[PDB]
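A.B. asks: Submitted below is the structure of interest, expressed as structure tokens.
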Amino acid sequence: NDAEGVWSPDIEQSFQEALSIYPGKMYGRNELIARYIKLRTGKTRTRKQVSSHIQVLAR
């Protein structure tokens with residue numbers, strides 16, 4: 001292969017810009033789940049209760 005040439009300075013600069021633009025994680029997910037529950041049931045559950053519930057169900 002190469003690595004030095006595969007990731008040349010111009011490519012590496014574009015790569016870092018794309019890494020800062022496109023995240024690895026879905027931001028605002030717990031708020032979206034809390035909103036969906038509210039619209040569907042009419043009941044209020046917070047982003048924090050949603051986050052805590054995801055952790056309990058994953059363990």
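Starting from 1 in every chain, residues are counted up; chains themselves are A, B, ... following the order of the structure tokens, and ligands are numbered from 1 as listed.
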Could you pull out all residues of chain A with a DSSP call of helix (DSSP H, G or I) and give them as a ChimeraX atom specification?

C.D. replies: /A:9-21,29-41,47-58

A.B. asks: Would you mind exporting the chosen residues as a CSV table (one decimal), in the first residue's frame, restricted to N, CA and C atoms?

C.D. replies:
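Output contents, as saved in result_3.csv:
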chain,number,residue,atom,x,y,z
A,9,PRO,N,-1.2,15.6,2.4
A,9,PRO,CA,-1.7,16.8,3.1
A,9,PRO,C,-3.0,17.4,2.6
A,10,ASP,N,-3.3,17.4,1.3
A,10,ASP,CA,-4.5,18.0,0.8
A,10,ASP,C,-5.7,17.1,1.1
A,11,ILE,N,-5.5,15.8,1.1
A,11,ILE,CA,-6.6,14.8,1.4
A,11,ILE,C,-6.8,14.9,2.9
A,12,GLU,N,-5.7,14.8,3.7
A,12,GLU,CA,-5.8,14.9,5.1
A,12,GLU,C,-6.5,16.1,5.6
A,13,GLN,N,-6.3,17.3,5.0
A,13,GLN,CA,-7.0,18.6,5.4
A,13,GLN,C,-8.5,18.4,5.1
A,14,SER,N,-8.9,17.9,3.9
A,14,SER,CA,-10.3,17.7,3.6
A,14,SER,C,-10.9,16.7,4.5
A,15,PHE,N,-10.2,15.6,4.9
A,15,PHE,CA,-10.6,14.6,5.8
A,15,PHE,C,-11.0,15.2,7.2
A,16,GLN,N,-10.1,16.0,7.7
A,16,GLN,CA,-10.3,16.7,9.0
A,16,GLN,C,-11.5,17.6,9.0
A,17,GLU,N,-11.7,18.4,7.9
A,17,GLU,CA,-12.8,19.3,7.8
A,17,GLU,C,-14.1,18.4,7.8
A,18,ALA,N,-14.2,17.3,7.0
A,18,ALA,CA,-15.3,16.4,7.0
A,18,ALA,C,-15.6,15.8,8.3
A,19,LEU,N,-14.6,15.4,9.1
A,19,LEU,CA,-14.7,14.8,10.4
A,19,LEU,C,-15.4,15.8,11.4
A,20,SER,N,-15.0,17.1,11.2
A,20,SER,CA,-15.6,18.2,12.1
A,20,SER,C,-17.1,18.5,11.6
A,21,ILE,N,-17.4,18.4,10.3
A,21,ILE,CA,-18.7,18.6,9.8
A,21,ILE,C,-19.7,17.5,10.1
A,29,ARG,N,-30.9,13.0,19.8
A,29,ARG,CA,-31.7,11.8,19.8
A,29,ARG,C,-32.7,11.6,21.0
A,30,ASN,N,-32.2,11.9,22.3
A,30,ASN,CA,-33.0,11.7,23.5
A,30,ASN,C,-34.2,12.7,23.5
A,31,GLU,N,-34.0,13.9,22.9
A,31,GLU,CA,-35.0,14.9,22.8
A,31,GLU,C,-36.0,14.5,21.7
A,32,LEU,N,-35.5,13.9,20.7
A,32,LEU,CA,-36.4,13.4,19.6
A,32,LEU,C,-37.4,12.3,20.1
A,33,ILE,N,-36.8,11.4,21.0
A,33,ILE,CA,-37.6,10.3,21.6
A,33,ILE,C,-38.6,10.9,22.5
A,34,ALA,N,-38.2,11.8,23.4
A,34,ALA,CA,-39.1,12.5,24.4
A,34,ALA,C,-40.2,13.2,23.6
A,35,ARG,N,-39.9,13.9,22.5
A,35,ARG,CA,-40.9,14.6,21.7
A,35,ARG,C,-41.9,13.6,21.1
A,36,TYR,N,-41.4,12.5,20.5
A,36,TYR,CA,-42.2,11.5,19.9
A,36,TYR,C,-43.2,10.9,20.9
A,37,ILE,N,-42.7,10.6,22.1
A,37,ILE,CA,-43.6,10.0,23.2
A,37,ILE,C,-44.7,11.0,23.5
A,38,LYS,N,-44.3,12.3,23.6
A,38,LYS,CA,-45.3,13.4,23.9
A,38,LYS,C,-46.4,13.5,22.8
A,39,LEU,N,-46.0,13.5,21.6
A,39,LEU,CA,-46.9,13.6,20.5
A,39,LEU,C,-47.8,12.4,20.4
A,40,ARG,N,-47.3,11.2,20.6
A,40,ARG,CA,-48.1,10.0,20.5
A,40,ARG,C,-49.0,9.7,21.7
A,41,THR,N,-48.5,9.9,22.9
A,41,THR,CA,-49.3,9.6,24.1
A,41,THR,C,-49.9,10.8,24.8
A,47,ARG,N,-35.8,14.5,28.4
A,47,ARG,CA,-34.7,14.0,27.7
A,47,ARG,C,-33.8,13.2,28.6
A,48,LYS,N,-33.7,13.6,29.9
A,48,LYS,CA,-32.9,12.9,31.0
A,48,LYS,C,-33.5,11.6,31.4
A,49,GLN,N,-34.8,11.5,31.5
A,49,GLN,CA,-35.5,10.2,31.8
A,49,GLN,C,-35.3,9.2,30.7
A,50,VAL,N,-35.4,9.7,29.4
A,50,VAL,CA,-35.2,9.0,28.2
A,50,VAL,C,-33.8,8.4,28.1
A,51,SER,N,-32.8,9.3,28.4
A,51,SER,CA,-31.3,8.9,28.4
A,51,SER,C,-31.1,7.9,29.5
A,52,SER,N,-31.6,8.0,30.7
A,52,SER,CA,-31.5,7.1,31.8
A,52,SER,C,-32.2,5.8,31.5
A,53,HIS,N,-33.3,5.8,30.8
A,53,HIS,CA,-34.0,4.6,30.4
A,53,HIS,C,-33.3,3.8,29.3
A,54,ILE,N,-32.6,4.5,28.4
A,54,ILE,CA,-31.7,3.8,27.3
A,54,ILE,C,-30.6,3.1,28.0
A,55,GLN,N,-29.9,3.7,29.0
A,55,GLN,CA,-28.8,3.1,29.8
A,55,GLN,C,-29.3,1.9,30.6
A,56,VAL,N,-30.4,1.9,31.2
A,56,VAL,CA,-31.0,0.8,32.0
A,56,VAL,C,-31.3,-0.4,31.1
A,57,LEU,N,-32.0,-0.1,29.9
A,57,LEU,CA,-32.3,-1.1,28.9
A,57,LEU,C,-31.1,-1.7,28.2
A,58,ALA,N,-30.0,-1.0,28.1
A,58,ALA,CA,-28.8,-1.5,27.5
A,58,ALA,C,-27.9,-2.3,28.4
